[PDB]
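Trainee: I would like to see how this sequence folds:
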Amino acid sequence: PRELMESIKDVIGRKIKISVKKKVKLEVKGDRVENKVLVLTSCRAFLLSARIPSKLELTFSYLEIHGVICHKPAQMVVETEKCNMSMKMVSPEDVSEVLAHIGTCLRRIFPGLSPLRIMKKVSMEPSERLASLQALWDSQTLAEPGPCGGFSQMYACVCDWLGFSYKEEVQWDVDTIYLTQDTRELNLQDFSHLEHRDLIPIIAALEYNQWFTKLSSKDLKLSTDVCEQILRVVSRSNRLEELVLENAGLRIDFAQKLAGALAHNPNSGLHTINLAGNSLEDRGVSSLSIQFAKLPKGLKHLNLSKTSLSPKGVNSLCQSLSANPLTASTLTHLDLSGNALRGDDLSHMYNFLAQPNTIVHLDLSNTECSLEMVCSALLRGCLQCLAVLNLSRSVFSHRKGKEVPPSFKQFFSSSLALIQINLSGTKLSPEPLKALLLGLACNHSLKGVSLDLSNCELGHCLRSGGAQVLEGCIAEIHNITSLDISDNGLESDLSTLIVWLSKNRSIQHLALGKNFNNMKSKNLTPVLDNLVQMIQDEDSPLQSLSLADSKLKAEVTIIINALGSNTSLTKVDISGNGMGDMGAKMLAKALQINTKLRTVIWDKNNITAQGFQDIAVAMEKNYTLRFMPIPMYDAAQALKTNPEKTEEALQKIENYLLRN
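Mentor: Numbering: from 1, shown residues only. Provided below are the atomic coordinates:
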């Protein structure tokens, strides 16, 4: 049967290579049978009529297979979503031959997976034959698979299977870049050079992949078909530990389809989920959280930020988290920032936060939550490991009352892990501020704390009571090695604050910027003066000063001029002052004398190419400065006017920094 072969190889292409060809009788509706030749390639089987010339009657890919039922010996049936085809062959020595090849390919691709697991259903009634097979698969050796758990070989088969054009680019990227980097993350934005539709075979290839433990995309709006494939992977993958689809414009239906996949999956490997950016809208979240409740593993990290949750959503979710016995011992990161925590019962949230738990990072910011209520829970729950707590943009109480419960001071007295605290953007009246600061001073267990109070209205607050509000007073302050008090609108009252800080031995980084809005000159100088005194004191613990975005203009010089003789600060941010060329001339002299500044942040100062030049000159003689971020905004303007002199100088500056 030669002439009958070519005609075939002429319809299926040459090289493609066919490792088996067979004659078989396709069992067909109407108790009719039809005569066909069957051709076995590496990913794909074909059925063509025995006639010359051959038509192509039926094709199915080994990935297509749902089951095979064999039963009577010469008879093979294979089932697939498209259709199930029954077949009569000369001998069983022929079917076991056909199944031996298919399970061999599947072993060949798909390292680490039994070829039975792959074609879901395999039953031959003479059972001993099957057994005869499993070893046979066992019998042949497997060459170590290629990079990333054989991802390239699988991608190929999958493209052939779902009808996509195998992109060399994907193979190169995985075999070469991924391999060097030893990443176990598939990042859809690596494939941004291919078409959108082109991700489909790439993602679907992960269902049997045992390399990759993380699938991630951010800021890519994902197409309905791409999602179909993410979901399938989540349904079937025992190996996938982390899903991140961020700002993917997924919505509520996807939320539900994802609940679906997880329910469906007997053992998920998923402990980390980030879906921030997407409007899951509670119902999707409610749909998911139920699943989250019962997961084999319990959640390590969950980010659902800006998911368009309301209190009803957060409550449903938190109740689901505390449902799962594990989340308390497994959950180290919870980000619910950007949804609404205000005006809706949240009892289940405060309740979950309250059961002692392993959470390290809690982010409730721009949730408008209640500090007094959240602090109430953390106190019971989170003393042990919370370390970073972001609570910015929130109203101390939802109550109209002014008491500040003891739950609030007590927490900061009692925490053993706090290291980062952000209350920025929340009005703190004198009483709550006093509780918080007294609580942290009262705390030995903490050391190295960093507190962001920027934009807290400490101005209206010091004017209001204050003057012992820091000098609370008995303890202060050894706890806090970084503090940002910018944008509080201290104005003059900044002096009060400066002195309190100069009696302080802990604080290594201080940010004061944007506290100087319009101020009488007679007023401002005295503050900047105290500020110099502090910088210049021989005991100053301060390594970093930020005057950023002050809008001081000419007057920052008095600071900048101190910098020359300074020996303590290793970083300073003078950005955003409008200091101009005169400021830069002065900064440059500072840098000609000064030996201790690692980094200086200068942009938005309206510096001009002439200015840059003075700085590019100081640097050739300054060997200690290592970082001086390029003034993007000032340069771009500089470029409008003397594009030539400006580029020359900023690159001169960059060379010298690079050399240091």
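Trainee: Measure how far stretch 215-228 is from the centre of its chain, please.
Mentor: Computed by C-alpha atoms, centre = their mean, to the nearest Å, the separation of stretch 215-228 from the middle of its chain amounts to 14 Å.
Trainee: is it fair to say residue 460 lies in a helix?
Mentor: Yes: under DSSP: H, G, I helix; E, B strand; the rest coil, residue 460 sits within a helix.
Trainee: Now it: closest residue in space, sequence neighbours ignored.
Mentor: residue 489 (7.2 Å; C-beta to C-beta, 6 or more residues apart in numbering). Quick note: C-beta positions are derived from backbone N, CA and C, even for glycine.
Trainee: now do residue 111
Mentor: Residue 111's closest residue in space is residue 145 (C-beta to C-beta, 6+ apart), at 4.0 Å.
Trainee: Tell me, how many residues neighbour that neighbour?
Mentor: Counted with other C-beta atoms under 10 Å, residues neighbouring residue 145 total 19.
Trainee: next one: residue 83
Mentor: Residue 83 has 10 neighbours, counted by other C-beta under 10 Å.
Trainee: Look at it and tell me its secondary structure.
Mentor: Going by three-state DSSP: residue 83 is coil.
Trainee: Would you check how far apart it and residue 61 are?
Mentor: 13 Å (C-beta to C-beta, to the nearest Å).
Trainee: close enough to count as contact, residue 602 and residue 577?
Mentor: No: the criterion here is C-beta atoms under 8 Å, and residue 602 misses it with residue 577 at 9.0 Å.
Trainee: Pull up the overlap in contacts between the two.
Mentor: Counting by C-beta atoms under 8 Å, 6 or more residues apart in numbering, residue 602 and residue 577 have no shared contacts at all.
Trainee: Which residues are in contact with residue 166?
Mentor: Residues counted as contacts of residue 166 (C-beta under 8 Å, 6+ apart) are 155, 156, 159, 160, 201.
Trainee: give me that answer again for 6 Å
Mentor: Residues in contact with residue 166 (C-beta atoms under 6 Å, 6 or more residues apart in numbering) are 156, 159.
Trainee: For burial, what's the neighbour tally of the residue nearest to residue 460?
Mentor: Neighbours of residue 489 using other C-beta under 10 Å come to 20.
Trainee: pretty sure it belongs to a helix, no?
Mentor: No: the assignment for residue 489, made by three-state DSSP, is coil rather than a helix.
Trainee: Chain neighbours aside, what residue packs nearest to residue 257?
Mentor: residue 231 (5.4 Å).
Trainee: Residue 348 versus the one you found, what's the distance?
Mentor: 28 Å.
Trainee: what do you get for residue 534?
Mentor: 48 Å.
Trainee: just residue 409 next, same as before
Mentor: 25 Å.
Trainee: what sits against residue 194?
Mentor: Contacts of residue 194 (C-beta under 6 Å, 6+ apart): residue 167.
Trainee: how close does it sit to residue 270?
Mentor: 26 Å.
Trainee: My understanding was that residue 388 contacts residue 422; is that so?
Mentor: No: Residue 388 lies out of contact with residue 422 (C-beta atoms under 6 Å); the separation is 8.3 Å.
Trainee: which one of these two has more residues nearby?
Mentor: residue 422 (21 against 17).
Trainee: quick one, phi psi at the nearest residue to residue 54 once chain neighbours are set aside?
Mentor: Spatial nearest neighbour of residue 54, excluding adjacent residues (C-beta to C-beta, 6+ apart): residue 48 at 4.1 Å. With angles defined as degrees, to the nearest 10, residue 48 sits at phi -120, psi 150.
Trainee: Give the bridge partners for residue 48, please.
Mentor: residue 37 (DSSP bridges).
Trainee: Correct me if wrong: it contacts residue 56.
Mentor: Yes: with contacts counted by C-beta under 6 Å, residue 48 reaches residue 56, the gap being 5.4 Å.
Trainee: between these two, who's got more neighbours?
Mentor: Higher neighbour count among residue 48 and residue 56: residue 48, with 22 against 13, using other C-beta under 10 Å.
Trainee: mind checking how far the more buried one is from residue 59?
Mentor: 9 Å.
Trainee: Skipping adjacent residues, who's closest to residue 568 in space?
Mentor: Distances taken as C-beta to C-beta, 6+ apart put residue 540 closest to residue 568, at 4.8 Å, once the chain neighbours are dropped.
Trainee: ok, now how distant is residue 237 from residue 207?
Mentor: 6 Å.
Trainee: Check residue 272 too.
Mentor: Relative to residue 207, and taking C-beta to C-beta, residue 272 is found at 19 Å.
Trainee: Helices of the stretch 151-300 of the chain, start to end?
Mentor: All helices of the stretch 151-300 of the chain, identified by DSSP state H, counting those that start in this stretch, fall at 168-172, 179-181, 200-204, 224-236, 252-264, 283-293.
Trainee: Nearest approach to residue 402 belongs to which of these?
Mentor: Nearest of these to residue 402, taken as C-beta to C-beta: helix 283-293 at 34.7 Å.
Trainee: Adjacent strands (with direction) for the helix or strand following that closest one?
Mentor: Moving toward the C-terminus from helix 283-293, the next helix or strand (DSSP states H and E) is strand 301-303. If you go by DSSP bridges, strand 301-303 pairs up with strand 272-274 (parallel), strand 333-335 (parallel).
Trainee: I'd like those laid out as TSV, including distance to residue 126 and mean neighbour count.
Mentor: Formatted as TSV, these follow (distance: least, C-beta to C-beta, whole Å; neighbours: other C-beta atoms under 10 Å):
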stretch	distance to residue 126	mean neighbour count
strand 272-274	47	20
strand 333-335	54	20
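Trainee: that older thread, let's have the helices of the stretch 151-300 of the chain in TSV, adding mean neighbour count and distance to residue 515.
Mentor: Listed next are the helices of the stretch 151-300 of the chain as TSV, based on neighbours: other C-beta atoms under 10 Å; distance: least, C-beta to C-beta, whole Å:
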stretch	mean neighbour count	distance to residue 515
helix 168-172	15	53
helix 179-181	11	45
helix 200-204	24	51
helix 224-236	19	48
helix 252-264	19	44
helix 283-293	22	40
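Trainee: Pretty sure the residue nearest to residue 460 sits against residue 458.
Mentor: No: Residue 489 is not in contact with residue 458 according to C-beta under 6 Å; the separation is 7.8 Å.
Trainee: that older thread, the residue nearest to residue 568 and residue 534, how far apart?
Mentor: In this view, residue 540 and residue 534 are 6 Å apart by C-beta to C-beta.
Trainee: Likewise for residue 84?
Mentor: 83 Å.
Trainee: Comparing the two, which residue is more hemmed in?
Mentor: residue 534 (19 against 15).
Trainee: what secondary structure does that one sit in?
Mentor: helix.
Trainee: ok, for it, nearest residue in space, not its chain neighbours?
Mentor: Nearest to residue 534 is residue 502, by C-beta to C-beta, 6+ apart, at 4.6 Å.
Trainee: What about that neighbour, how many residues nearby?
Mentor: 18.
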